[PDB]
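Containing TSV, C-alpha atoms: query21.tsv.
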chain	number	residue	atom	x	y	z
A	1	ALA	CA	-55.64	29.74	-26.07
A	2	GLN	CA	-54.61	27.47	-23.15
A	3	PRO	CA	-57.52	26.39	-20.94
A	4	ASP	CA	-56.17	28.77	-18.23
A	5	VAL	CA	-56.41	31.72	-20.72
A	6	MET	CA	-59.77	30.36	-22.07
A	7	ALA	CA	-61.30	30.79	-18.55
A	8	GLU	CA	-59.59	34.25	-18.27
A	9	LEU	CA	-60.90	35.33	-21.76
A	10	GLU	CA	-64.35	33.95	-20.77
A	11	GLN	CA	-64.56	36.45	-17.80
A	12	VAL	CA	-63.17	39.31	-19.96
A	13	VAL	CA	-65.87	38.59	-22.60
A	14	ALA	CA	-68.70	38.30	-20.02
A	15	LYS	CA	-67.69	41.69	-18.48
A	16	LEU	CA	-67.13	43.25	-21.96
A	17	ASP	CA	-70.49	42.02	-23.40
A	18	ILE	CA	-72.53	43.67	-20.58
A	19	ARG	CA	-75.86	45.04	-21.94
A	20	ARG	CA	-74.86	48.67	-22.72
A	21	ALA	CA	-77.43	51.06	-21.21
A	22	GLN	CA	-79.37	53.51	-23.44
A	23	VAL	CA	-79.72	57.28	-22.93
A	24	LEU	CA	-82.62	59.50	-24.03
A	25	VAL	CA	-81.14	63.01	-24.51
A	26	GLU	CA	-83.58	65.95	-24.85
A	27	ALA	CA	-82.01	69.32	-25.69
A	28	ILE	CA	-84.10	72.50	-25.32
A	29	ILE	CA	-83.01	75.54	-27.36
A	30	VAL	CA	-85.06	78.63	-26.48
A	31	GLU	CA	-84.29	81.98	-28.11
A	32	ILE	CA	-86.23	85.25	-27.81
A	33	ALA	CA	-85.57	88.37	-29.93
A	34	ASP	CA	-87.13	91.85	-30.48
A	35	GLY	CA	-86.12	95.51	-30.45
A	36	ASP	CA	-87.44	98.99	-31.26
A	37	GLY	CA	-86.26	101.36	-33.96
A	38	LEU	CA	-87.64	104.92	-33.88
A	39	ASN	CA	-87.02	107.53	-36.60
A	40	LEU	CA	-88.73	110.88	-36.03
A	41	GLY	CA	-87.36	114.03	-37.68
A	42	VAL	CA	-88.79	117.37	-38.75
A	43	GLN	CA	-87.68	119.47	-41.76
A	44	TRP	CA	-88.71	123.14	-42.37
A	45	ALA	CA	-88.09	124.70	-45.85
A	46	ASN	CA	-88.90	128.40	-46.56
A	47	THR	CA	-88.44	130.08	-49.97
A	48	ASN	CA	-87.70	133.51	-48.32
A	49	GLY	CA	-85.60	132.45	-45.27
A	50	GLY	CA	-84.00	129.00	-45.86
A	51	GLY	CA	-84.42	125.19	-45.47
A	52	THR	CA	-83.17	122.34	-43.15
B	1	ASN	CA	-36.06	-21.47	-12.74
B	2	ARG	CA	-33.89	-19.12	-10.57
B	3	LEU	CA	-31.96	-17.78	-13.67
B	4	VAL	CA	-35.17	-16.65	-15.50
B	5	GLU	CA	-36.35	-15.56	-11.97
B	6	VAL	CA	-33.28	-13.20	-11.97
B	7	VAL	CA	-34.08	-12.03	-15.55
B	8	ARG	CA	-37.85	-11.23	-15.30
B	9	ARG	CA	-36.88	-9.76	-11.88
B	10	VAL	CA	-34.21	-7.33	-13.30
B	11	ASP	CA	-36.87	-6.79	-16.05
B	12	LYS	CA	-39.68	-5.73	-13.60
B	13	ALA	CA	-37.08	-4.09	-11.30
B	14	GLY	CA	-36.79	-1.02	-13.60
B	15	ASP	CA	-40.34	-0.30	-14.95
B	16	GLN	CA	-40.78	2.80	-17.21
B	17	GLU	CA	-44.40	3.23	-18.42
B	18	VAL	CA	-46.47	6.32	-19.38
B	19	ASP	CA	-49.74	7.54	-17.77
B	20	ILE	CA	-52.06	10.13	-19.38
B	21	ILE	CA	-54.86	11.84	-17.44
B	22	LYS	CA	-56.65	14.98	-18.75
B	23	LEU	CA	-55.89	18.42	-17.24
B	24	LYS	CA	-59.09	20.50	-17.25
B	25	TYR	CA	-57.58	23.80	-15.88
B	26	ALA	CA	-54.01	25.32	-15.80
B	27	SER	CA	-51.91	25.26	-19.01
B	28	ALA	CA	-49.92	22.11	-19.93
B	29	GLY	CA	-47.06	24.44	-21.13
B	30	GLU	CA	-46.95	26.27	-17.75
B	31	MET	CA	-47.26	22.78	-16.18
B	32	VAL	CA	-44.20	21.94	-18.38
B	33	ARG	CA	-42.17	25.08	-17.43
B	34	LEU	CA	-42.82	24.84	-13.64
B	35	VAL	CA	-42.02	21.10	-13.54
B	36	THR	CA	-39.05	21.44	-15.98
B	37	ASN	CA	-37.36	23.38	-13.12
B	38	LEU	CA	-37.83	20.04	-11.23
B	39	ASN	CA	-34.42	19.12	-12.81
B	40	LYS	CA	-33.30	15.51	-11.87
B	41	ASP	CA	-36.83	14.23	-12.51
B	42	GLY	CA	-35.03	12.25	-15.30
B	43	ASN	CA	-33.52	15.50	-16.76
B	44	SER	CA	-29.71	15.14	-16.14
B	45	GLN	CA	-26.40	13.91	-17.73
B	46	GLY	CA	-25.48	11.88	-14.57
B	47	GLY	CA	-22.95	9.04	-15.29
B	48	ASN	CA	-23.20	5.99	-12.90
B	49	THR	CA	-26.54	7.66	-11.86
B	50	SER	CA	-27.84	6.99	-15.45
B	51	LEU	CA	-30.70	9.45	-14.64
B	52	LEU	CA	-31.51	9.58	-18.40

Serialized structure, structure tokens:
Amino acid sequence: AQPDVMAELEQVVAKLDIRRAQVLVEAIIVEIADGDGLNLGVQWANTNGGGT
Amino acid sequence: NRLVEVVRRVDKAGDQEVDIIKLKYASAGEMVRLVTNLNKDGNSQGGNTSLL
């Protein structure tokens, strides 16, 4: 380009070529799970009377 | 003596040379455009003026 644009492109480049900063990204996924089933049940069977 | 005096005279009266010096900065084409609007810096169809 023209020397006037060359000097303009030279500033654009210098700004655009800036050392891009780095990022360390730690994620922390914590899950906790449990629960209580309970099955208690009573059955009575009698020949004479009847059963449940 | 005074004839050829007249002739070299009329010769050196109307000099028309070129000079070139480098432009380091703003565009020669913009230089062209901006100065082209300086019409009558040799840029005319003037008759007895002979500005060509």

(request) Could you list, as an MDAnalysis selection string, the residues of chain B having an atom within 10 Å of chain A when counting all atoms listed in the file? (result) chainID B and resid 23:30

Please dump the current selection as an mmCIF file, in the frame of the given file; keep C-alpha atoms.
data_model
loop_
_atom_site.group_PDB
_atom_site.id
_atom_site.type_symbol
_atom_site.label_atom_id
_atom_site.label_comp_id
_atom_site.auth_asym_id
_atom_site.auth_seq_id
_atom_site.Cartn_x
_atom_site.Cartn_y
_atom_site.Cartn_z
ATOM 1 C CA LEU B 23 -55.890 18.420 -17.240
ATOM 2 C CA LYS B 24 -59.090 20.500 -17.250
ATOM 3 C CA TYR B 25 -57.580 23.800 -15.880
ATOM 4 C CA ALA B 26 -54.010 25.320 -15.800
ATOM 5 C CA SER B 27 -51.910 25.260 -19.010
ATOM 6 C CA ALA B 28 -49.920 22.110 -19.930
ATOM 7 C CA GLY B 29 -47.060 24.440 -21.130
ATOM 8 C CA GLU B 30 -46.950 26.270 -17.750
#

(request) Quote the spacing between atom CA of residue 32 of chain B and atom CA of residue 20 of chain B in Å to one decimal place. (result)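 Here the two named atoms are 14.2 Å from each other.
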
(request) Give me, please, the distance in Å between atom CA of residue 13 of chain A and atom CA of residue 33 of chain B, quoted to one decimal. (result)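 Straight-line distance from atom CA of residue 13 of chain A to atom CA of residue 33 of chain B works out to 27.8 Å.
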
(request) Can you work out the spacing between atom CA of residue 42 of chain B and atom CA of residue 19 of chain B in Å, to one decimal? (result)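 Atom-to-atom, atom CA of residue 42 of chain B to atom CA of residue 19 of chain B, that is 15.6 Å.
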
(message) Residues near residue 43 of chain B, anyone? I mean within 8 Å using all atoms listed in the file, not counting same-chain ones fewer than 4 positions away, as a ChimeraX atom specification.
(response) /B:39,51-52

N, CA, C and O atoms restored at segment 1-24 of chain A, emitted as a short mmCIF file (atom, residue, chain, number, x, y, z; two decimals), in the coordinates of the input:
data_model
loop_
_atom_site.label_atom_id
_atom_site.label_comp_id
_atom_site.auth_asym_id
_atom_site.auth_seq_id
_atom_site.Cartn_x
_atom_site.Cartn_y
_atom_site.Cartn_z
N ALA A 1 -56.69 29.55 -27.09
CA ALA A 1 -55.64 29.74 -26.07
C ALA A 1 -55.68 28.56 -25.10
O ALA A 1 -56.61 27.73 -25.21
N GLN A 2 -54.70 28.50 -24.21
CA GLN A 2 -54.61 27.47 -23.15
C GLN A 2 -55.88 27.55 -22.33
O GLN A 2 -56.50 28.60 -22.23
N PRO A 3 -56.29 26.43 -21.72
CA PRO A 3 -57.52 26.39 -20.94
C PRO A 3 -57.49 27.43 -19.81
O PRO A 3 -58.55 27.90 -19.43
N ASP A 4 -56.30 27.77 -19.32
CA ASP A 4 -56.17 28.77 -18.23
C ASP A 4 -56.52 30.16 -18.77
O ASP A 4 -57.15 30.94 -18.04
N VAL A 5 -56.13 30.43 -20.01
CA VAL A 5 -56.41 31.72 -20.72
C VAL A 5 -57.86 31.70 -21.20
O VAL A 5 -58.49 32.76 -21.20
N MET A 6 -58.37 30.53 -21.59
CA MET A 6 -59.77 30.36 -22.07
C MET A 6 -60.73 30.83 -20.97
O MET A 6 -61.70 31.56 -21.28
N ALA A 7 -60.48 30.42 -19.73
CA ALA A 7 -61.30 30.79 -18.55
C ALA A 7 -61.12 32.28 -18.26
O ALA A 7 -62.08 32.90 -17.80
N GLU A 8 -59.92 32.82 -18.49
CA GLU A 8 -59.59 34.25 -18.27
C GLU A 8 -60.29 35.08 -19.34
O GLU A 8 -60.87 36.12 -18.98
N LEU A 9 -60.25 34.64 -20.61
CA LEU A 9 -60.90 35.33 -21.76
C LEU A 9 -62.42 35.26 -21.59
O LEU A 9 -63.11 36.20 -22.02
N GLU A 10 -62.90 34.19 -20.97
CA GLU A 10 -64.35 33.95 -20.77
C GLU A 10 -64.90 34.97 -19.76
O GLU A 10 -66.08 35.34 -19.89
N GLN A 11 -64.11 35.42 -18.78
CA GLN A 11 -64.56 36.45 -17.80
C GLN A 11 -64.47 37.82 -18.46
O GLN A 11 -65.35 38.67 -18.20
N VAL A 12 -63.42 38.03 -19.26
CA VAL A 12 -63.17 39.31 -19.96
C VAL A 12 -64.37 39.56 -20.88
O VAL A 12 -64.91 40.67 -20.87
N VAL A 13 -64.76 38.54 -21.62
CA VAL A 13 -65.87 38.59 -22.60
C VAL A 13 -67.17 38.89 -21.85
O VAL A 13 -67.89 39.81 -22.26
N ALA A 14 -67.44 38.17 -20.77
CA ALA A 14 -68.70 38.30 -20.02
C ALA A 14 -68.80 39.73 -19.47
O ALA A 14 -69.91 40.27 -19.44
N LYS A 15 -67.68 40.31 -19.04
CA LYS A 15 -67.69 41.69 -18.48
C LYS A 15 -67.89 42.67 -19.64
O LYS A 15 -68.55 43.70 -19.44
N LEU A 16 -67.33 42.34 -20.80
CA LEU A 16 -67.13 43.25 -21.96
C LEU A 16 -68.38 43.22 -22.84
O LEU A 16 -68.53 44.11 -23.69
N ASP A 17 -69.24 42.23 -22.62
CA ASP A 17 -70.49 42.02 -23.40
C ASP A 17 -71.68 42.44 -22.55
O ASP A 17 -72.81 42.06 -22.89
N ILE A 18 -71.44 43.18 -21.47
CA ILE A 18 -72.53 43.67 -20.58
C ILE A 18 -73.49 44.52 -21.40
O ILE A 18 -73.02 45.38 -22.17
N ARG A 19 -74.79 44.29 -21.23
CA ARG A 19 -75.86 45.04 -21.94
C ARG A 19 -75.64 46.53 -21.75
O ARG A 19 -75.94 47.03 -20.66
N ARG A 20 -75.15 47.21 -22.78
CA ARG A 20 -74.86 48.67 -22.72
C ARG A 20 -76.17 49.43 -22.58
O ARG A 20 -77.08 49.23 -23.41
N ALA A 21 -76.23 50.27 -21.56
CA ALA A 21 -77.43 51.06 -21.21
C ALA A 21 -77.65 52.14 -22.27
O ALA A 21 -76.66 52.65 -22.85
N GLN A 22 -78.92 52.51 -22.45
CA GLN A 22 -79.37 53.51 -23.44
C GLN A 22 -79.67 54.83 -22.75
O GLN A 22 -80.08 54.83 -21.57
N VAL A 23 -79.50 55.92 -23.48
CA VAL A 23 -79.72 57.28 -22.93
C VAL A 23 -80.64 58.04 -23.86
O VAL A 23 -80.31 58.14 -25.05
N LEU A 24 -81.75 58.53 -23.33
CA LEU A 24 -82.62 59.50 -24.03
C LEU A 24 -82.13 60.91 -23.70
O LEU A 24 -82.18 61.30 -22.52
#
